[PDB]
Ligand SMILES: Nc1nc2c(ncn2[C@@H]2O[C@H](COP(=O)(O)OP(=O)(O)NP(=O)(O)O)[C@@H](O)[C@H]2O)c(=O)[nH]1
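There is one chain below, alone, in structure tokens, taken in the form solved without the named molecule.
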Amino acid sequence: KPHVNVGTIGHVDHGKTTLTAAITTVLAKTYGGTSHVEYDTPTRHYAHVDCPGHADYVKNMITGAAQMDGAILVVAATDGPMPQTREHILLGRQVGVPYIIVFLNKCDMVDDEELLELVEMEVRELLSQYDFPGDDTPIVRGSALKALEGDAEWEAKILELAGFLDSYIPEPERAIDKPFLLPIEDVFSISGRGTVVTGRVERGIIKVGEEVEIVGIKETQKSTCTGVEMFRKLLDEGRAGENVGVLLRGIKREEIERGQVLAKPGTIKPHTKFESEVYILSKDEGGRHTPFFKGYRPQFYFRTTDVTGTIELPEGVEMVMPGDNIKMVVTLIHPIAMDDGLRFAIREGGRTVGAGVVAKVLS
């Protein structure tokens, strides 16, 4: 079944854990079924993490340790939004969380429904203020303590939340459904047919006869797949996740190189300048021991190769220490296929000293 990654964000004493305990419990009682929890509805499988800290989350997202498809903002109806609730939504915005579903906790303790109206309107305006659809956002009025207590009236609210997780958060696009992409590792010449490029199909499917573009480093080229093979056996097609060698039409051996990319025509572009969220490892994580400054020019490992680049640090920022999270505008010495969301590693003399994610392509 489709896998979805969700996370809870909210005030420490607003019941994020309680709500999660309630979700797992009720779904199992109903359907029989980084430190995260996992739960299933008749339609999907969920991986649920918590986001107790802003820098921690950003770090984990960057290091791949966690990246949400949807977030559940938990606010207790008793208080309503907290001053830091905007800091919660703002992180959601900052890390591009696609959808935010709200679960008003402790609703069982609020007397006047007109007060519940107030809390919801405050949440809706806060959401809208950071560009989230406050008006369309699903706000479930629940009670995790009561649902957890088997109180059927409130258990239903948990099922209502899961229902929104199923309907509101779009089923993520499977890699096999995305436009073909193969990160080139080794290139071989042959004679008898042509040049073969090896790698692991990242996404999509490459088939004999289909046209592909060689993107990155050099000026883009177009060619036609003359045949796909794995372990020297000519296959029918190359699917996402498989390791293959793609045979190319009219492409010379030296016209392709490691780091370049194969892809469905018109679906990927090479870029040189971008904005990124970066995390620099600490000494204890195997990274740098000392801080770096303005003139640092490491290599950015994109998929299968390094590309040296210079950096631009935020205003006021003049030094980066091991263990720091930092936004930076990178300028590569040559283009490499990329788009917002593309992860990369930062290296020095061949060793990874950090990681990052392409946040906004500039040039």
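Don't overthink the numbering: it's just position in the shown sequence, from 1. Just so we're on the same page, rigid core means the largest C-alpha set that superposes within 1.5 Å between forms.
In terms of unmodelled positions of the deposited sequence, the chain runs continuously from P52 to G53 in this entry. When the two stretches 175-183 and 283-291 are set side by side, the higher mean Cα temperature factor goes to 175-183.
Across the two stretches, 229-237 and 100-108, the PDB entry reports the greater mean Cα temperature factor for 229-237. The PDB entry assigns the greatest CA B-factor among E277, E257, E155, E122 to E155. Across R203, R93, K252, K269, the greatest Cα temperature factor reported in the deposited entry is at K252. Sort the modelled residues of the chain by CA B factor and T198 lands in the middle third. Ranked within its chain, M338 lands in the middle third, by CA B factor from the PDB record. Per the PDB record, residue ranking by Cα B-factor puts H36 in the highest third of the chain.
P2 sits in the highest third of its chain by CA B factor, as recorded in the PDB entry. Split the chain's modelled residues into thirds by C-alpha temperature factor. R303 is in the lowest one.
What comes next is about the form deposited with the named molecule bound, which is not displayed.
Figure legend: unbound chain with the named molecule modelled from its position in the entry with it bound by local C-alpha superposition. Site blocked, with three or more ligand atoms within 2.4 Å of backbone or C-beta atoms. The stretch that touches the named molecule in the entry with it bound, counting heavy atoms within 4.5 Å, is 107-115, out of 167-175, 255-263, 206-214, 107-115. With the partner omitted here, the residue from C51, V58, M328, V320 that has a non-hydrogen atom within 4.5 angstroms of the named molecule in the entry with it bound is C51.
Contact check for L145: a heavy atom falls within 4.5 Å of the named molecule in the entry with it bound. Among heavy atoms of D13, some come within 4.5 Å of the named molecule in the entry with it bound. At the 4.5 Å threshold, heavy atoms of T18 reach the named molecule in the entry with it bound. Once you line up the core between this form and the one not shown, the CA of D50 is the only one from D324, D50, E312, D306 that shifts by 2 Å or more. Remark: with the core as the superposition reference, the CA shift of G10 between this form and the one not shown reaches 2 Å or more. Here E202 does not count as shifted, since its C-alpha moves by less than 2 Å between this form and the one not shown after the core is aligned. Put the two forms on the same core and the Cα of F180 is off by less than 2 Å between this form and the one not shown.
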